[PDB]
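Asks: What follows is protein09.txt, compact mmCIF, C-alpha atoms and all ligand atoms.
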```
# COMPACT_ATOMS: atom_id res chain seq x y z
CA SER A 1 -21.30 -4.54 8.55
CA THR A 2 -17.56 -5.05 9.10
CA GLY A 3 -14.75 -7.07 7.58
CA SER A 4 -11.39 -8.25 8.96
CA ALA A 5 -8.67 -9.93 6.85
CA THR A 6 -5.11 -10.95 7.61
CA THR A 7 -2.39 -9.46 5.38
CA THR A 8 0.87 -11.42 4.94
CA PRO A 9 4.30 -10.22 3.71
CA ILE A 10 5.16 -11.79 0.30
CA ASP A 11 8.83 -12.35 1.25
CA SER A 12 11.44 -11.98 4.02
CA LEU A 13 11.90 -8.26 3.27
CA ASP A 14 8.21 -7.18 3.58
CA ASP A 15 8.43 -6.03 -0.04
CA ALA A 16 4.62 -6.08 -0.19
CA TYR A 17 1.66 -7.64 1.62
CA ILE A 18 -1.06 -9.90 0.21
CA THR A 19 -4.59 -10.27 1.49
CA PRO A 20 -7.01 -13.02 0.37
CA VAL A 21 -10.08 -11.74 -1.50
CA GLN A 22 -13.12 -13.78 -2.59
CA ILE A 23 -14.39 -12.94 -6.10
CA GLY A 24 -17.39 -14.47 -7.83
CA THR A 25 -19.83 -17.31 -7.19
CA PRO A 26 -18.66 -19.86 -6.22
CA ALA A 27 -15.82 -17.89 -4.62
CA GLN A 28 -12.50 -17.65 -6.41
CA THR A 29 -9.88 -16.61 -3.78
CA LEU A 30 -7.08 -14.39 -5.09
CA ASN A 31 -4.26 -12.83 -3.05
CA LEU A 32 -4.32 -9.09 -3.71
CA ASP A 33 -1.97 -6.24 -2.83
CA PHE A 34 -4.13 -3.67 -1.00
CA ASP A 35 -2.88 -0.31 -2.26
CA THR A 36 -3.95 2.97 -0.59
CA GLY A 37 -2.03 4.77 -3.39
CA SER A 38 -4.27 3.63 -6.29
CA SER A 39 -7.95 3.12 -7.04
CA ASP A 40 -8.29 0.08 -9.36
CA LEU A 41 -9.18 -3.46 -8.31
CA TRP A 42 -7.52 -5.52 -11.04
CA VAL A 43 -6.69 -9.20 -11.27
CA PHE A 44 -4.78 -11.73 -13.26
CA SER A 45 -7.46 -13.52 -15.21
CA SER A 46 -8.37 -16.11 -17.88
CA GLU A 47 -7.96 -13.14 -20.32
CA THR A 48 -4.33 -12.35 -19.32
CA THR A 49 -1.82 -13.00 -22.18
CA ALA A 50 -0.59 -16.55 -21.34
CA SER A 51 3.15 -15.68 -21.57
CA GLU A 52 2.58 -12.91 -18.91
CA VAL A 53 1.23 -15.35 -16.30
CA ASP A 54 3.81 -17.27 -14.19
CA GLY A 55 2.33 -18.88 -11.06
CA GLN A 56 -0.44 -16.36 -10.25
CA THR A 57 -3.95 -17.53 -9.40
CA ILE A 58 -6.36 -16.22 -12.06
CA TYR A 59 -9.94 -15.01 -11.94
CA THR A 60 -12.12 -16.80 -14.57
CA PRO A 61 -15.31 -14.75 -15.02
CA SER A 62 -16.94 -17.47 -17.16
CA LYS A 63 -16.92 -19.73 -14.03
CA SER A 64 -18.74 -17.12 -11.89
CA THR A 65 -22.54 -17.13 -11.98
CA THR A 66 -22.57 -13.49 -10.74
CA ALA A 67 -19.98 -12.09 -13.23
CA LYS A 68 -21.26 -9.67 -15.89
CA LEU A 69 -19.19 -7.94 -18.59
CA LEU A 70 -19.24 -4.17 -18.04
CA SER A 71 -19.79 -3.62 -21.76
CA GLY A 72 -17.37 -1.21 -23.44
CA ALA A 73 -15.36 -0.49 -20.32
CA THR A 74 -11.55 -0.64 -20.43
CA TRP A 75 -8.79 0.26 -18.01
CA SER A 76 -5.08 1.03 -18.18
CA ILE A 77 -2.80 2.00 -15.29
CA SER A 78 0.83 3.01 -14.83
CA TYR A 79 2.36 2.98 -11.34
CA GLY A 80 5.16 5.07 -9.76
CA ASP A 81 7.72 2.26 -10.30
CA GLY A 82 7.09 2.10 -14.10
CA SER A 83 4.90 -1.08 -13.89
CA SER A 84 1.60 -1.23 -15.75
CA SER A 85 -1.45 -3.30 -16.60
CA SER A 86 -4.61 -2.97 -18.70
CA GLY A 87 -7.70 -4.86 -19.76
CA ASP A 88 -11.48 -5.02 -19.67
CA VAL A 89 -14.01 -4.99 -16.81
CA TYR A 90 -16.56 -7.30 -15.16
CA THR A 91 -18.85 -6.61 -12.26
CA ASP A 92 -18.98 -9.36 -9.64
CA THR A 93 -19.43 -10.05 -5.94
CA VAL A 94 -16.23 -9.32 -3.94
CA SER A 95 -15.72 -10.21 -0.27
CA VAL A 96 -12.86 -9.20 2.03
CA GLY A 97 -12.70 -10.69 5.49
CA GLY A 98 -16.45 -11.40 5.58
CA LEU A 99 -17.52 -7.99 4.13
CA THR A 100 -19.32 -8.42 0.79
CA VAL A 101 -19.87 -5.89 -2.03
CA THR A 102 -22.14 -6.76 -4.93
CA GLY A 103 -21.59 -5.17 -8.32
CA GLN A 104 -17.90 -4.39 -7.70
CA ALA A 105 -15.88 -3.50 -10.78
CA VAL A 106 -13.30 -6.28 -11.18
CA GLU A 107 -10.76 -5.13 -13.79
CA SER A 108 -9.55 -8.20 -15.71
CA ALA A 109 -5.96 -7.88 -17.01
CA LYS A 110 -5.29 -8.62 -20.65
CA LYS A 111 -1.71 -7.35 -20.33
CA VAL A 112 0.63 -6.90 -17.37
CA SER A 113 4.23 -5.56 -17.27
CA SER A 114 7.29 -7.67 -16.37
CA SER A 115 7.38 -6.74 -12.65
CA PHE A 116 3.85 -8.35 -12.28
CA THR A 117 4.56 -11.55 -14.29
CA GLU A 118 7.81 -12.01 -12.30
CA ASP A 119 5.97 -11.84 -8.93
CA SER A 120 4.05 -15.16 -8.57
CA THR A 121 2.72 -14.18 -5.09
CA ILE A 122 0.57 -11.18 -6.20
CA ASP A 123 -2.64 -12.02 -8.07
CA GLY A 124 -3.63 -8.36 -8.51
CA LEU A 125 -4.23 -5.10 -6.69
CA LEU A 126 -7.10 -3.74 -4.63
CA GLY A 127 -7.00 0.05 -4.69
CA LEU A 128 -7.99 2.04 -1.60
CA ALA A 129 -7.20 5.61 -2.67
CA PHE A 130 -10.07 7.90 -3.73
CA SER A 131 -12.29 6.78 -6.61
CA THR A 132 -11.37 9.93 -8.60
CA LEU A 133 -8.14 8.05 -9.56
CA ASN A 134 -9.90 4.96 -10.95
CA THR A 135 -8.82 4.41 -14.57
CA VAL A 136 -11.94 2.72 -16.01
CA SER A 137 -13.21 4.43 -19.20
CA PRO A 138 -15.65 5.65 -20.26
CA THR A 139 -17.47 5.26 -16.92
CA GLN A 140 -15.16 5.64 -13.90
CA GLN A 141 -15.74 2.97 -11.21
CA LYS A 142 -15.74 3.00 -7.42
CA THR A 143 -13.26 1.32 -5.10
CA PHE A 144 -14.25 -1.60 -2.88
CA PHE A 145 -14.17 0.79 0.08
CA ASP A 146 -16.32 3.42 -1.63
CA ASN A 147 -18.90 0.71 -2.56
CA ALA A 148 -18.84 -0.81 1.00
CA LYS A 149 -19.52 2.57 2.62
CA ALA A 150 -22.65 3.12 3.31
CA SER A 151 -23.01 -1.05 4.67
CA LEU A 152 -20.17 -0.26 7.17
CA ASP A 153 -20.73 0.35 10.87
CA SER A 154 -18.25 3.31 10.59
CA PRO A 155 -16.91 4.69 7.25
CA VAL A 156 -13.30 3.66 7.96
CA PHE A 157 -10.69 1.06 7.25
CA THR A 158 -7.49 0.41 9.18
CA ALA A 159 -4.06 -0.86 8.19
CA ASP A 160 -2.03 -2.74 10.77
CA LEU A 161 0.97 -4.02 8.85
CA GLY A 162 3.45 -6.39 10.50
CA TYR A 163 7.26 -6.20 10.58
CA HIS A 164 8.35 -9.54 9.19
CA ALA A 165 4.95 -10.89 10.35
CA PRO A 166 1.29 -10.91 9.31
CA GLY A 167 -0.98 -7.98 10.10
CA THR A 168 -4.60 -6.97 9.55
CA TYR A 169 -6.87 -4.85 7.36
CA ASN A 170 -10.19 -4.05 9.08
CA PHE A 171 -13.21 -2.41 7.44
CA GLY A 172 -15.94 -0.57 9.36
CA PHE A 173 -14.51 -0.56 12.88
CA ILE A 174 -11.51 0.43 15.03
CA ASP A 175 -9.97 -2.42 17.00
CA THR A 176 -9.10 -0.61 20.24
CA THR A 177 -6.97 -3.64 21.30
CA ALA A 178 -4.66 -3.29 18.27
CA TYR A 179 -2.76 -0.14 19.37
CA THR A 180 -1.26 1.53 22.46
CA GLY A 181 -2.05 5.04 23.70
CA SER A 182 -4.38 7.24 21.63
CA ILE A 183 -4.95 7.72 17.89
CA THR A 184 -3.85 11.14 16.59
CA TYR A 185 -5.94 12.29 13.64
CA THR A 186 -4.62 14.67 10.96
CA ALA A 187 -6.18 16.42 7.99
CA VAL A 188 -6.29 14.88 4.52
CA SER A 189 -6.31 16.63 1.16
CA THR A 190 -8.11 14.61 -1.56
CA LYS A 191 -7.07 17.10 -4.30
CA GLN A 192 -4.68 14.59 -5.94
CA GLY A 193 -6.89 11.52 -5.13
CA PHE A 194 -4.50 10.25 -2.42
CA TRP A 195 -4.56 9.99 1.36
CA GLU A 196 -2.36 13.13 1.43
CA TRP A 197 -1.44 14.65 4.77
CA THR A 198 1.28 16.82 6.36
CA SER A 199 3.73 15.39 8.87
CA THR A 200 4.94 17.88 11.51
CA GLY A 201 8.63 16.86 11.36
CA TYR A 202 11.19 14.23 12.08
CA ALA A 203 14.06 13.05 14.25
CA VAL A 204 17.02 10.76 13.50
CA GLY A 205 17.81 8.26 16.25
CA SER A 206 18.04 9.96 19.66
CA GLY A 207 18.50 13.39 17.97
CA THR A 208 16.37 16.46 18.51
CA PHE A 209 13.04 16.66 16.70
CA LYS A 210 13.01 19.03 13.71
CA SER A 211 9.64 20.82 13.34
CA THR A 212 9.01 21.10 9.59
CA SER A 213 5.95 20.43 7.40
CA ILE A 214 6.33 17.38 5.11
CA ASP A 215 3.41 16.83 2.74
CA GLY A 216 3.08 13.23 1.59
CA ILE A 217 0.77 10.28 1.03
CA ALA A 218 -0.03 7.23 3.12
CA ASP A 219 0.61 4.43 0.57
CA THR A 220 0.40 0.77 1.56
CA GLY A 221 1.36 -0.20 -1.99
CA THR A 222 4.83 1.40 -1.78
CA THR A 223 7.51 -0.55 0.12
CA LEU A 224 9.81 2.25 1.29
CA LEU A 225 9.69 5.69 2.94
CA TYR A 226 10.43 8.45 0.36
CA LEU A 227 11.18 11.87 1.87
CA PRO A 228 12.88 15.12 0.80
CA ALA A 229 16.60 14.90 0.04
CA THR A 230 17.48 17.15 3.02
CA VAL A 231 15.73 14.75 5.48
CA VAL A 232 17.15 11.63 3.86
CA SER A 233 20.71 13.02 3.84
CA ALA A 234 20.37 13.89 7.53
CA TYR A 235 19.32 10.29 8.28
CA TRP A 236 22.07 8.50 6.31
CA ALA A 237 24.79 10.87 7.59
CA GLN A 238 24.33 9.02 10.94
CA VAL A 239 25.34 5.65 9.38
CA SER A 240 29.11 5.18 8.86
CA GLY A 241 29.81 4.29 5.24
CA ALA A 242 26.29 5.05 3.92
CA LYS A 243 26.16 6.70 0.52
CA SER A 244 23.83 7.37 -2.37
CA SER A 245 24.69 5.01 -5.26
CA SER A 246 23.60 6.08 -8.80
CA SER A 247 24.46 2.50 -9.97
CA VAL A 248 22.18 0.84 -7.36
CA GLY A 249 19.50 3.60 -7.42
CA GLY A 250 19.54 4.97 -3.90
CA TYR A 251 21.17 4.98 -0.51
CA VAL A 252 23.13 1.88 0.47
CA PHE A 253 24.93 1.15 3.70
CA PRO A 254 27.34 -1.44 5.07
CA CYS A 255 25.48 -4.56 6.07
CA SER A 256 27.59 -4.57 9.29
CA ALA A 257 25.91 -1.29 10.45
CA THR A 258 23.31 -0.89 13.17
CA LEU A 259 20.76 1.63 11.84
CA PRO A 260 19.26 4.45 13.91
CA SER A 261 15.54 4.80 14.33
CA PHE A 262 13.56 7.44 12.41
CA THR A 263 10.73 9.39 14.04
CA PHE A 264 7.99 11.24 12.13
CA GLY A 265 5.47 13.68 13.57
CA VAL A 266 1.68 13.37 13.41
CA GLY A 267 0.43 16.61 14.95
CA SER A 268 2.04 16.68 18.45
CA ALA A 269 2.40 12.86 18.40
CA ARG A 270 5.43 10.88 17.24
CA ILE A 271 5.74 7.53 15.42
CA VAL A 272 9.10 5.82 15.83
CA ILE A 273 10.35 3.53 13.03
CA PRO A 274 12.93 1.15 14.58
CA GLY A 275 16.29 1.01 12.76
CA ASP A 276 15.78 -2.63 11.81
CA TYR A 277 12.71 -1.64 9.75
CA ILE A 278 15.01 0.47 7.51
CA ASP A 279 17.22 -2.52 6.51
CA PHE A 280 16.28 -4.01 3.13
CA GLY A 281 19.24 -6.38 3.06
CA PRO A 282 21.95 -7.09 0.51
CA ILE A 283 21.64 -5.30 -2.83
CA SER A 284 22.40 -8.66 -4.53
CA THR A 285 22.70 -12.05 -3.03
CA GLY A 286 25.89 -12.29 -0.87
CA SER A 287 26.74 -8.56 -1.07
CA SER A 288 27.93 -6.68 2.00
CA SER A 289 26.19 -3.53 0.64
CA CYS A 290 22.62 -3.27 1.99
CA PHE A 291 19.74 -1.25 0.56
CA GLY A 292 18.21 1.49 2.68
CA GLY A 293 14.53 1.75 3.52
CA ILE A 294 14.50 5.54 3.57
CA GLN A 295 15.12 7.07 0.11
CA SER A 296 14.85 10.47 -1.53
CA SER A 297 11.58 11.53 -3.12
CA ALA A 298 13.39 14.00 -5.42
CA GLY A 299 12.23 13.24 -9.01
CA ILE A 300 9.07 11.40 -7.81
CA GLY A 301 7.28 14.73 -7.18
CA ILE A 302 5.63 13.54 -3.91
CA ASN A 303 6.74 12.23 -0.53
CA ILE A 304 5.51 8.71 0.19
CA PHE A 305 4.87 7.21 3.63
CA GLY A 306 5.08 3.63 2.38
CA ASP A 307 5.16 0.36 4.31
CA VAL A 308 8.43 1.17 6.19
CA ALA A 309 6.58 4.01 7.92
CA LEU A 310 3.05 2.58 8.06
CA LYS A 311 4.03 -0.76 9.61
CA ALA A 312 5.38 1.18 12.65
CA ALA A 313 1.81 2.37 13.33
CA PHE A 314 -1.85 1.45 13.54
CA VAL A 315 -3.28 3.61 10.73
CA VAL A 316 -6.91 4.71 10.39
CA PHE A 317 -8.16 5.74 6.95
CA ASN A 318 -11.26 7.73 7.88
CA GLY A 319 -13.58 8.02 4.85
CA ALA A 320 -16.16 10.29 6.50
CA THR A 321 -17.49 13.25 4.51
CA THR A 322 -14.32 15.13 5.62
CA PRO A 323 -11.63 12.38 5.37
CA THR A 324 -8.84 12.22 7.93
CA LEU A 325 -5.91 9.90 8.78
CA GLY A 326 -5.20 8.57 12.25
CA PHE A 327 -1.94 7.18 13.60
CA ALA A 328 -1.30 5.30 16.83
CA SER A 329 1.79 3.53 18.14
CA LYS A 330 1.44 -0.24 18.70
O1 LIG B 401 11.36 -8.25 -10.40
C1 LIG B 401 10.09 -8.42 -9.78
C2 LIG B 401 9.67 -7.12 -9.11
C3 LIG B 401 10.14 -6.95 -7.68
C4 LIG B 401 11.66 -7.04 -7.50
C5 LIG B 401 11.96 -8.54 -7.36
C6 LIG B 401 10.60 -9.24 -7.41
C7 LIG B 401 10.14 -9.59 -8.82
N1 LIG B 401 9.66 -8.16 -6.90
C8 LIG B 401 9.68 -7.97 -5.39
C9 LIG B 401 8.76 -6.87 -4.95
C10 LIG B 401 7.39 -7.07 -4.87
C11 LIG B 401 6.54 -6.05 -4.50
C12 LIG B 401 7.04 -4.81 -4.18
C13 LIG B 401 8.40 -4.60 -4.24
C14 LIG B 401 9.25 -5.62 -4.63
```
Output the structure of this file as structure tokens.
Replies:
Amino acid sequence: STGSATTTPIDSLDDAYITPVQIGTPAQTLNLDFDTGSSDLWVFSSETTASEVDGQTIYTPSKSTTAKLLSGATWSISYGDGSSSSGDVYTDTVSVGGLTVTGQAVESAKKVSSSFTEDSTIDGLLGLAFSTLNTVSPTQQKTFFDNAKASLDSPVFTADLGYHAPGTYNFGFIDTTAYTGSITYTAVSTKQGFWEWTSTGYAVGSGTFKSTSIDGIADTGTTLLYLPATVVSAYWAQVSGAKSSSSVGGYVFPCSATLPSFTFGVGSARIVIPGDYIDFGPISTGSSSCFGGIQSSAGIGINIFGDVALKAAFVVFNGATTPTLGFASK
């Protein structure tokens, strides 16, 4: 089997991407944030505290003929940005892009933090990191990808995120029309439950490539590119007037600037992030200070290849017995 679903930016900045997901019988379609940095499929629901729902579409298990309470199971998750959610668990039929899993754990939110209530466009998350990170207790649950394995033609999914445009998540096949050149594969460590890999270095604009190992994760659920302070300082030193602002919480730059590209290494291959991808616009409406898309990972404890980096590439998440990542230009 395969599946193919379109993913759409939630706003003009590509802050996140939503993908329609069918849950239950008859189908209830919710728009989920596919997150390769977490392992829970959780939704706004009929159980979510009413004052914490503002515009989201909810999953109502009582209206699904295939929903069953997963008796005793609870979940609670905290993300890298300080956001959180928790609740109870149902199993139900979940379909993405024509690919169906029966008996998927659907984690029903009873509580969500402010960042979720305040985002009407995101109805929940669909985690695509390794199932070892799933938070359900006392019986840990599998991701949608882990459950779909074995029906897939090839044990893979691909992320093809758009710049200010829709893109695609595919399950079970490589679309050889979706990228240019060849795919470069690189080793993955699953020790922390992430799609963790080691970039071979970087370049700023037209500058020379610096060969240096940068461990980090491929995380579709993180907006920005978070890299070591040395690398990030080297990038922003090429933008006149750029500075790190403690008040704003990262590097800002004059909105009148033209940003240089940023290149990262994948083995002997190179992925080039155009400068325009690194512009996240005014820090507040009407400001001439713009927020940078490359930020320091110091304090976060891991480097994160988030959407800024991933949307410059066609990315293969290879879930074979020995997982690997692949990157191609597009
Ligand atoms: O206050 C809420 C949380 C954030 C910041 C503004 C708006 C509502 N959300 C945009 C956003 C969504 C997904 C990822 C990154 C940013």
Asks: Here's a test: counting only C-alpha atoms, identify every protein, DNA and RNA residue with an atom at most 6 Å from (-16.7, -6.0, -16.7) in the file's coordinate frame, and state them as a list in words.
Replies: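 It turns out the residues near that spot are residues 68, 69, 70, 89, 90 and 91 of chain A.
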Asks: Pick out the closest residue to ligand LIG 401 (chain B) from this set: A:126, A:13, A:21, A:252. Count only C-alpha atoms and all ligand atoms.
Replies: A:13
Asks: Go ahead and compute the interatomic distance for atom CA of residue 65 of chain A and atom CA of residue 93 of chain A, in Å to one decimal.
Replies: 9.8 Å
Asks: Show me which residues sit within 10 Å of ligand LIG 401 (chain B) when counting all atoms listed in the file, and put them as a PyMOL selection string.
Replies: chain A and resi 9-11+13-18+33+81+83+113-122+221-224
Asks: Please report as JSON lines every residue of segment 26-84 of chain A lying within 6 Å of segment 128-150 of chain A, along with the nearest atom pair and their distance in Å (one decimal), using only C-alpha atoms.
Replies:
```
{"residue": "A:35", "atom": "CA", "partner": "A:128", "partner_atom": "CA", "distance": 5.7}
{"residue": "A:36", "atom": "CA", "partner": "A:128", "partner_atom": "CA", "distance": 4.3}
{"residue": "A:37", "atom": "CA", "partner": "A:129", "partner_atom": "CA", "distance": 5.3}
{"residue": "A:38", "atom": "CA", "partner": "A:129", "partner_atom": "CA", "distance": 5.1}
{"residue": "A:39", "atom": "CA", "partner": "A:134", "partner_atom": "CA", "distance": 4.7}
{"residue": "A:40", "atom": "CA", "partner": "A:134", "partner_atom": "CA", "distance": 5.4}
{"residue": "A:73", "atom": "CA", "partner": "A:137", "partner_atom": "CA", "distance": 5.5}
{"residue": "A:74", "atom": "CA", "partner": "A:137", "partner_atom": "CA", "distance": 5.5}
{"residue": "A:75", "atom": "CA", "partner": "A:136", "partner_atom": "CA", "distance": 4.5}
```
Asks: With all atoms listed in the file as the atoms that count, which of A:327, A:202, A:42, A:253 lies nearest to residue 186 of chain A?
Replies: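 Of A:327, A:202, A:42, A:253, the one nearest residue 186 of chain A is A:327, counting all atoms listed in the file.
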Asks: Please, what is the axis-aligned box for every listed atom of segment 55-68 of chain A with 4 Å on each side, as centre and edge lengths in Å to one decimal, as AutoDock Vina command-line options?
Replies:
```
--center_x -10.1 --center_y -14.7 --center_z -13.3 --size_x 32.9 --size_y 18.1 --size_z 15.8
```
Asks: Leaving out residue 87 of chain A and any residue of its chain fewer than 4 positions from it, which residues lie within 7 Å of it when counting all atoms listed in the file, given as an MDAnalysis selection string?
Replies: chainID A and resid 74:76 107:111
Asks: What is the atom CA of residue 153 of chain A to atom CA of residue 174 of chain A distance in Å?
Replies: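 The value is 10.1 Å.
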Asks: At a cut-off of 9 Å, using all atoms listed in the file, what residues contact residue 171 of chain A? Leave out same-chain residues fewer than 3 positions from it and give the result as a short mmCIF file (atom, residue, chain, number, x, y, z; two decimals) with C-alpha atoms, in the coordinates of the input.
Replies:
```
data_model
loop_
_atom_site.label_atom_id
_atom_site.label_comp_id
_atom_site.auth_asym_id
_atom_site.auth_seq_id
_atom_site.Cartn_x
_atom_site.Cartn_y
_atom_site.Cartn_z
CA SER A 1 -21.30 -4.54 8.55
CA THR A 2 -17.56 -5.05 9.10
CA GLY A 3 -14.75 -7.07 7.58
CA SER A 4 -11.39 -8.25 8.96
CA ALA A 5 -8.67 -9.93 6.85
CA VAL A 96 -12.86 -9.20 2.03
CA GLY A 97 -12.70 -10.69 5.49
CA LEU A 99 -17.52 -7.99 4.13
CA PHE A 145 -14.17 0.79 0.08
CA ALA A 148 -18.84 -0.81 1.00
CA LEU A 152 -20.17 -0.26 7.17
CA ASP A 153 -20.73 0.35 10.87
CA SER A 154 -18.25 3.31 10.59
CA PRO A 155 -16.91 4.69 7.25
CA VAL A 156 -13.30 3.66 7.96
CA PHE A 157 -10.69 1.06 7.25
CA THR A 158 -7.49 0.41 9.18
CA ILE A 174 -11.51 0.43 15.03
#
```
Asks: Just the residues within 6 Å of segment 290-302 of chain A, please, counting only C-alpha atoms, with nothing from its chain fewer than 2 positions along; format it as a short mmCIF file (atom, residue, chain, number, x, y, z; two decimals) with C-alpha atoms, keeping the file's coordinate frame.
Replies:
```
data_model
loop_
_atom_site.label_atom_id
_atom_site.label_comp_id
_atom_site.auth_asym_id
_atom_site.auth_seq_id
_atom_site.Cartn_x
_atom_site.Cartn_y
_atom_site.Cartn_z
CA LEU A 224 9.81 2.25 1.29
CA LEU A 225 9.69 5.69 2.94
CA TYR A 226 10.43 8.45 0.36
CA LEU A 227 11.18 11.87 1.87
CA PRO A 228 12.88 15.12 0.80
CA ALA A 229 16.60 14.90 0.04
CA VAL A 232 17.15 11.63 3.86
CA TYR A 251 21.17 4.98 -0.51
CA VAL A 252 23.13 1.88 0.47
CA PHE A 253 24.93 1.15 3.70
CA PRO A 254 27.34 -1.44 5.07
CA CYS A 255 25.48 -4.56 6.07
CA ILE A 278 15.01 0.47 7.51
CA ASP A 279 17.22 -2.52 6.51
CA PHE A 280 16.28 -4.01 3.13
CA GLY A 281 19.24 -6.38 3.06
CA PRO A 282 21.95 -7.09 0.51
CA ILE A 283 21.64 -5.30 -2.83
#
```
Asks: Neighbouring residues of residue 201 of chain A were defined as those with any atom within 9 Å, considering all atoms listed in the file; residues of the same chain fewer than 4 positions away were excluded. Please report them as a PyMOL selection string.
Replies: chain A and resi 209-214+263-267+270
Asks: Applying 12 Å and all atoms listed in the file, which residues near residue 25 of chain A remain after dropping the ones on its own chain fewer than 4 positions away? List them as number ranges by chain.
Replies: A: 29, 59-68, 91-95, 100, 102
Asks: Just the selected residues (C-alpha atoms), exported as a PDB file, in the coordinates of the input, please.
Replies:
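selection.pdb was written with the following content:
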```pdb
ATOM      1  CA  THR A  29      -9.880 -16.610  -3.780  1.00  0.00           C
ATOM      2  CA  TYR A  59      -9.940 -15.010 -11.940  1.00  0.00           C
ATOM      3  CA  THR A  60     -12.120 -16.800 -14.570  1.00  0.00           C
ATOM      4  CA  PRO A  61     -15.310 -14.750 -15.020  1.00  0.00           C
ATOM      5  CA  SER A  62     -16.940 -17.470 -17.160  1.00  0.00           C
ATOM      6  CA  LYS A  63     -16.920 -19.730 -14.030  1.00  0.00           C
ATOM      7  CA  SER A  64     -18.740 -17.120 -11.890  1.00  0.00           C
ATOM      8  CA  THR A  65     -22.540 -17.130 -11.980  1.00  0.00           C
ATOM      9  CA  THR A  66     -22.570 -13.490 -10.740  1.00  0.00           C
ATOM     10  CA  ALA A  67     -19.980 -12.090 -13.230  1.00  0.00           C
ATOM     11  CA  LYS A  68     -21.260  -9.670 -15.890  1.00  0.00           C
ATOM     12  CA  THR A  91     -18.850  -6.610 -12.260  1.00  0.00           C
ATOM     13  CA  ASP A  92     -18.980  -9.360  -9.640  1.00  0.00           C
ATOM     14  CA  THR A  93     -19.430 -10.050  -5.940  1.00  0.00           C
ATOM     15  CA  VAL A  94     -16.230  -9.320  -3.940  1.00  0.00           C
ATOM     16  CA  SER A  95     -15.720 -10.210  -0.270  1.00  0.00           C
ATOM     17  CA  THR A 100     -19.320  -8.420   0.790  1.00  0.00           C
ATOM     18  CA  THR A 102     -22.140  -6.760  -4.930  1.00  0.00           C
TER      19      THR A 102
END
```
Asks: Which residue out of A:184, A:199, A:233, A:192 has the minimum interatomic distance to residue 315 of chain A when only C-alpha atoms are used?
Replies: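 Nearest to residue 315 of chain A: A:184.
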Asks: Using all atoms listed in the file, which residue out of A:306, A:124, A:172, A:162 lies closest to residue 30 of chain A?
Replies: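 Under the stated criterion, the closest residue is A:124.
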Asks: I'd like the interatomic distance between atom CA of residue 231 of chain A and atom CA of residue 284 of chain A, to a tenth of an Å.
Replies: 26.3 Å
Asks: Taking the structure I provided as the source, export segment 289-298 of chain A with N, CA, C and O atoms, as an mmCIF file, in the first residue's frame.
Replies:
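After the write, selection-v9.cif holds the following:
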```cif
data_model
loop_
_atom_site.group_PDB
_atom_site.id
_atom_site.type_symbol
_atom_site.label_atom_id
_atom_site.label_comp_id
_atom_site.auth_asym_id
_atom_site.auth_seq_id
_atom_site.Cartn_x
_atom_site.Cartn_y
_atom_site.Cartn_z
ATOM 1 N N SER A 289 12.376 45.616 12.224
ATOM 2 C CA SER A 289 13.244 44.523 12.694
ATOM 3 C C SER A 289 12.585 43.197 12.320
ATOM 4 O O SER A 289 11.412 43.015 12.627
ATOM 5 N N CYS A 290 13.311 42.331 11.628
ATOM 6 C CA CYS A 290 12.808 41.056 11.140
ATOM 7 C C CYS A 290 13.458 39.913 11.921
ATOM 8 O O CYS A 290 14.612 40.003 12.339
ATOM 9 N N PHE A 291 12.720 38.846 12.057
ATOM 10 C CA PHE A 291 13.190 37.683 12.842
ATOM 11 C C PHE A 291 13.917 36.692 11.924
ATOM 12 O O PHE A 291 13.423 36.323 10.870
ATOM 13 N N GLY A 292 15.082 36.239 12.376
ATOM 14 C CA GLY A 292 15.850 35.300 11.575
ATOM 15 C C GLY A 292 15.389 33.860 11.640
ATOM 16 O O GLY A 292 14.942 33.355 12.696
ATOM 17 N N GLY A 293 15.575 33.146 10.561
ATOM 18 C CA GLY A 293 15.207 31.741 10.489
ATOM 19 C C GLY A 293 16.265 30.751 10.894
ATOM 20 O O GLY A 293 15.983 29.527 10.871
ATOM 21 N N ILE A 294 17.454 31.235 11.132
ATOM 22 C CA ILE A 294 18.567 30.445 11.667
ATOM 23 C C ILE A 294 18.845 31.000 13.061
ATOM 24 O O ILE A 294 19.094 32.216 13.210
ATOM 25 N N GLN A 295 18.823 30.143 14.076
ATOM 26 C CA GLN A 295 18.947 30.560 15.488
ATOM 27 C C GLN A 295 19.868 29.605 16.186
ATOM 28 O O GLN A 295 20.109 28.466 15.727
ATOM 29 N N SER A 296 20.429 30.036 17.315
ATOM 30 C CA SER A 296 21.314 29.186 18.100
ATOM 31 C C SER A 296 20.533 28.080 18.819
ATOM 32 O O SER A 296 19.477 28.291 19.384
ATOM 33 N N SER A 297 21.142 26.912 18.803
ATOM 34 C CA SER A 297 20.670 25.771 19.592
ATOM 35 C C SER A 297 21.234 25.744 21.006
ATOM 36 O O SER A 297 20.949 24.791 21.750
ATOM 37 N N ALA A 298 22.065 26.707 21.389
ATOM 38 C CA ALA A 298 22.653 26.678 22.743
ATOM 39 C C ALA A 298 21.522 26.862 23.780
ATOM 40 O O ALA A 298 20.705 27.794 23.667
#
```
